[PDB]
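As a plain string of letters, each chain reads:
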Amino acid sequence: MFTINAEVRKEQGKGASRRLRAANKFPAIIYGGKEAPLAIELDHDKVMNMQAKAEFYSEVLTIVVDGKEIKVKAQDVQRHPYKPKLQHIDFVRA
Amino acid sequence: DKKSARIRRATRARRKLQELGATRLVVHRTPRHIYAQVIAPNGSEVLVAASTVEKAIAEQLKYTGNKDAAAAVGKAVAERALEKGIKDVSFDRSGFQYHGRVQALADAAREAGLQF
Amino acid sequence: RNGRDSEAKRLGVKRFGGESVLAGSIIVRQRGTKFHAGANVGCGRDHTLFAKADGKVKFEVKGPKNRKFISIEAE
Amino acid sequence: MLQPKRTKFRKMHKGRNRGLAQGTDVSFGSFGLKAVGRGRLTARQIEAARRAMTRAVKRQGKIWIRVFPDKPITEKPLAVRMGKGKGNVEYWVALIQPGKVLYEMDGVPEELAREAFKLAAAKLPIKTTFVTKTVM
Amino acid sequence: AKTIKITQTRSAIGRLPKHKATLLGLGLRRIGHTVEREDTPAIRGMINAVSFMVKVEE
RNA sequence: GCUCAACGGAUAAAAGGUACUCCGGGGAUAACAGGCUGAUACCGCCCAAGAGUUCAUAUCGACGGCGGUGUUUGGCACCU
RNA sequence: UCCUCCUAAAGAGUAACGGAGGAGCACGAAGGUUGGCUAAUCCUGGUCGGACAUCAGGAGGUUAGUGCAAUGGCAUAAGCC
RNA sequence: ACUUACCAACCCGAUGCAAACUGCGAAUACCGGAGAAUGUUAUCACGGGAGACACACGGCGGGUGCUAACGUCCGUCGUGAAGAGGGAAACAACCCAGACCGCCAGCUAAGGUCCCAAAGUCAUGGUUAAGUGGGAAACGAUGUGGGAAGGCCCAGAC
RNA sequence: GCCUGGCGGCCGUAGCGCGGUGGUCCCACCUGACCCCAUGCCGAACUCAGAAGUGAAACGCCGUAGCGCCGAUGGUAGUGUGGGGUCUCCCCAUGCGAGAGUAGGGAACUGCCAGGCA
């Protein structure tokens, strides 16, 4: 039931990702199925308050990117070590 | 395992002959056949092969798999190998004792002109 | 109770890959057979690998144990 | 006090304490006392903090000490010159990086876990925080 | 035949020996020494190596 | 034919005292004092188990933690 | 004085009254070659016989061995006959 | 032979640590080959003359020390030594920069522009009121600016 | 074309485990041993003379992913050069960029020669 608005990452690597997290976002990827993996940038606060729920890790999510909808499921989250924030999320298609 | 024990007996002389780079006459003794084949120094390709499963050899024998059969095979490999310009090989006994019918095969290959 | 060490033996690879050698040249002075002898390479008494023919040094990985051979290409 | 039962060598080099930690999630228990500062922790500080916790949430609950010392720290005596060997093994520390869950606790309410972890984080030299068991 | 123009913009005093060698490879002698070279990836790699102390213009 | 083992081996063959001492040197190198440091020392604070008939914080404060000072014992050997 | 590991910063080398150990030999077979063979440990059964001496079978995989330290090697065995 | 709040091998699942652990493994460095441009042969060999073999600090990787020392011992690079000039008040070694000579000429680097003292008491938008700026921690606190949420609430909440 | 044997390439996407199947030829077990030869005892092994019997074991082939094995994309760690800070540790620009893990792949592929069957 969660709708997560995303964009496509035109840049990647550690420079671009650390630039992207200082701007209060974080990178993510949608892989799985037969399609190519999709690099995605996500707003941070929406996803953090959203993942405070338990249903974020169990229910099918919907990610809106370029006006499409990809029904994914949250595979695996890298968190920051000592701060309450996120580094990255793997989303498997569903 | 008997076959695996034989292969690890073979391995030293095999790798030594691949190291020197000599054309090898590989023998193979089975309880009712003997097999003999001349193999190029790259190890992949054969040149000459005779054995007792060939009816050209087997029809003129009483029993495939004794010393008379093996002498027939050694004579055959020496003849065919001299017909194909091969003169000087190195004998790969292939894990068997050089005693019985591999000795008969190799002696028969030395009588009929093959240089080892 | 301490304070001793031996003199450094200067092991290792003396000629690297693609490096042209003369016959007799030591390629890898080493301690066991960390590197094994391949084509046109001999292994000395202290497992020193030396060029037995002229050519180029060829480091390879062969066989069922993934050993590190050293061949020499004729050149 | 915690100390390895049997080492392999008595004296270790200093070395450095860089980068982030490996034990990061609350694994065994339900609430965790996670490091934020770098530092290092002697066995006396781990014991002091564990007694503060065990007292605080009485003999109910279950507490896991997720760090272990296993690093010997040598000191030279007083009025001894420099040189003449490495010192003597005085205590044992664990090296901590930002992210280590130093302790875990289960079988209490969260408000007692806050209370015991406050009581015991004041016996440690590093800045510390409270974490919960997050699900993936 | 593009002939990029390269200028030295900082001193080469406390520099690594590799960077002084690279500035000698480019042919730069003092600060504000405009020197034109061909635009090949070898020259470009030299400009990349000392990019903190050469202003390039094309 | 050498524990020539002080193992590139001064001789085939060699221990000490000097406050009765002497000469050339050295702040290359110690003792005093300064300097740097602050382990130690002294002073202060944080947590609070407990003692205080009850009551942690009137007064003390275990297990531990963080500083300050340059007052001890030191470390170094920068000045002489 | 000499050997091995670490320090030693993935070529070599690299210091300290830094952390750890060894050598000052042995062997006429323990060397050469040819032919062959494959360990430790545990389980089960079995006279004396026992936690552990021999036998047989199984699991196991070189955790074994290498004349003597440690490191690197070793099954094609460099191990064992 | 019968009971047992005690400990516990091996095996399995999960969690860490290692200079003298490695079924993985960079960047860099090093060795070799080819190619272009640049460099006053910068390279190698041989011969004449040396000096020097007390180094210092600073960055990075380390040992020792207390991750103490303007400490000590290495590796590597820079500077001093043997290098002036400008800056950091003053300050070998830090930042900028390498002085052939002259000039009462211009442009700049680090660093700066209120007065000592050359140059903005410049422009726009915020923040702090502590002279913070212009020493010093654990820890304490309705100081104050910003951000995302949340409980209750004009069936009247604080 | 299918099967089997030999010698190689390759060295776990190739090995393990569980299940099924094969013997006309081939292979294996087998039969016998006074001889060739052999056992620190023993034809168990080695060897020789054979071919009655079985594919039980072995070996091959076909399934099956329980495991081993391979393995992206992304992010993280590290790091060369230049710069910065609150500087026992980190940050910025920039170049390189893992290990582990995830999705997934996966019960090999192939050359020469020889024999049997169609």
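The structure we're discussing is the one just above.
## So, the overall build of chain E
Looking only at helices and strands, one finds 2 helices and 3 strands in chain E. Its C-alpha radius of gyration of 10 Å places chain E within 12% of the 10 Å reference for a compact globule of 58 residues. Here the C-alpha coordinates of chain E stretch approximately 35 × 20 × 15 Å along the principal axes. Here chain E holds 58 residues, and the buried ones make up 29% of them. When contacts within chain E are restricted to residue pairs at least 6 apart in sequence, long-range pairs at least 24 apart make up 70% of them. Surface exposure of chain E reaches about 3900 Å², of which carbon and sulfur atoms provide 52%. Charge separation in chain E, taken as the distance between the mean sites of 11 positive and 5 negative side-chain charges, equals 11 Å.

## Remarks on the arrangement of the chains
The structure contains 2 pairs of chains in contact, of which chains A and D account for the largest number of contacts. In this structure chain C stays clear of chain D, and the shortest span between their C-alpha atoms is 9 Å. Between chain B and chain E there is no contact; the minimum C-alpha to C-alpha separation amounts to 44 Å.

## Quick look at the protein's contact with RNA strand F
Residue and element names in this part refer to chain D. Around RNA strand F, a shell composed of 15 residues is seen, among which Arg44, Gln45, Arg55, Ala122 and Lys123 lie nearest. Sugar and phosphate atoms form 84% of the subset of RNA strand F atoms that lie within 4 Å of the protein. A distance of 3.0 Å separates a phosphate oxygen of RNA strand F from a polar atom in the backbone of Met82. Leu124 places a polar main-chain atom, nitrogen or oxygen, 3.4 Å from a sugar or linking oxygen of RNA strand F. Ranked by residue count, the leading element in the surface near RNA strand F is helix α1 (residues 43-56), at 5 residues. Residue composition of the surface near RNA strand F, by class: 9 nonpolar, 1 polar and 5 charged.

## Let's talk about the interface of chain D and chain A
Interface size is often expressed as the accessible area that is lost when the parts come together. Counting from both sides, the interface comprises 10 residues of chain D and, opposite them, 8 residues of chain A. With both sides pooled, the region where chain D packs onto chain A buries about 690 Å², and carbon together with sulfur makes up 69% of that total. On the chain D side of the interface with chain A, the three residues burying the most area are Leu20, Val36 and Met136 of chain D, jointly 59% of the side's total. Summed over the shared surface of chain D and chain A, the result is 0 salt bridges. At the junction of chain D and chain A, the tally comes to 2 residue pairs in polar contact. Broken down by class, the residue content of the side of chain D that touches chain A amounts to 6 nonpolar, 3 polar and 1 charged.

Parameters and conventions
Residues numbered from 1 in each chain as written, not as in the entry; some residues may be left out. Chains lettered and ligands numbered in written order. Part of a larger assembly, values for the part shown. Heavy atoms only, no water. Residues with missing side-chain atoms left out of burial classes, pairs and counts. Helix = DSSP H or I, 4+ residues; strand = E, 2+ residues; numbered from the N terminus. Rg over C-alpha atoms; globule rule 2.2 N^0.38 Å. Buried < 20%, exposed > 50% of the residue type's maximum accessible area, 1.4 Å probe, protein only. Contact = heavy atoms within 4.5 Å. Areas by Shrake-Rupley, 256 points an atom, 1.4 Å probe, with all protein chains shown as cover. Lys, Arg positive; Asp, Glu negative; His and termini not counted. Charge placed at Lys NZ, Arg CZ, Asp CG, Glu CD. Near = heavy atom within 4 Å. Polar contact = N/O pair within 3.5 Å; in protein donor to acceptor, adjacent residues only side chain to side chain. Nonpolar A, V, L, I, M, F, W, Y, C, P; charged D, E, K, R; others polar. Buried area = accessible area lost by both parts, 1.4 Å probe. Salt bridge = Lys/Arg side-chain N within 4 Å of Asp/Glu carboxyl O.

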